[PDB]
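Input: a single structure, listed below in structure tokens.
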Amino acid sequence: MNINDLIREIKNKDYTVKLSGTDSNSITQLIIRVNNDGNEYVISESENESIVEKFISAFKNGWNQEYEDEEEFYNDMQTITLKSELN
């Protein structure tokens with residue numbers, strides 16, 4: 001999908017996310033807010049990684065001791081990475 005698709009897909013789940021601009025030529029940046037309580041996750045795409053692959057990899061190992069009260073978000077987080085690979 002396109003960076004814009006991320007906004008549209010995130011909008012459906014009512015999540016706050018943002019994308020860069022000229023970063024498209026090289027690598028775009030995706031910022032996902034895990035919790036409005038100030039809890040947020042930072043991820044980016046590199047020629048060796050992508051937001052979906054990098055972001056998914058960060059949570060690929062599954063919910064960490066980070067915060068159980070935020071585990072539900074992480075379970076849902078995988079949906080975003082699933083959306084990217086959506087043709």
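If you're wondering about the labels, chains in the structure tokens are A, B, ... by order shown, residues count from 1 in each chain, ligands from 1 in order shown.
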
Which of chain A end up as strand (DSSP E or B) when DSSP is run on this backbone - answer as a VMD selection string? chain A and resid 17 to 19 29 to 35 39 to 44 46 49

Skip residue A:18 itself and residues of its chain fewer than 5 positions away, then list as a ChimeraX atom specification all residues within 9 Å of it, counting only C-alpha atoms. /A:6-7,29-32

Hey, can you spit out that residue selection with C-alpha atoms as a PDB file, in the first residue's frame?
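In the end it all went to out37.pdb:
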```
ATOM      1  CA  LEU A   6      -1.403   3.862   6.262  1.00  0.00           C
ATOM      2  CA  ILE A   7      -3.330   6.977   7.270  1.00  0.00           C
ATOM      3  CA  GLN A  29       8.813   7.432   8.199  1.00  0.00           C
ATOM      4  CA  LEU A  30       5.887   6.101  10.209  1.00  0.00           C
ATOM      5  CA  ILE A  31       5.106   7.110  13.770  1.00  0.00           C
ATOM      6  CA  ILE A  32       2.553   5.053  15.663  1.00  0.00           C
TER       7      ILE A  32
END
```

Selected residue of minimal separation from residue A:1 among A:52, A:64, A:71, A:39, counting only C-alpha atoms: A:52

Taking into account only C-alpha atoms, which residue in the set A:36, A:80, A:3, A:51 is nearest to residue A:21?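 That would be A:3, the residue with the smallest distance to residue A:21.
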
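The closest residue to residue A:67, picked from A:53, A:26, A:35, A:12 and counting only C-alpha atoms, is A:35.
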
Among chain A, which residues does DSSP mark as helix (DSSP H, G or I) when it is run on the backbone? Keep the chain and numbering as in the structure and answer as a VMD selection string. chain A and resid 3 to 12 22 to 24 51 to 60 68 to 84

For atom CA of residue A:44 and atom CA of residue A:27, quote the distance in Å rounded to one decimal.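 Atom CA of residue A:27 lies 7.6 Å from atom CA of residue A:44.
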
Hey, which of A:38, A:74, A:43, A:65 ends up closest to residue A:19? Count only C-alpha atoms. A:43

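Between residue A:45 and the candidates A:66, A:33, A:83, A:20, the tightest atom-to-atom separation, counting only C-alpha atoms, involves A:20.
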
Nearest residue to residue A:85 out of A:10, A:17, A:50, A:34, using only C-alpha atoms? A:50

Quick one, how far is atom CA of residue A:78 from atom CA of residue A:13? 12.5 Å
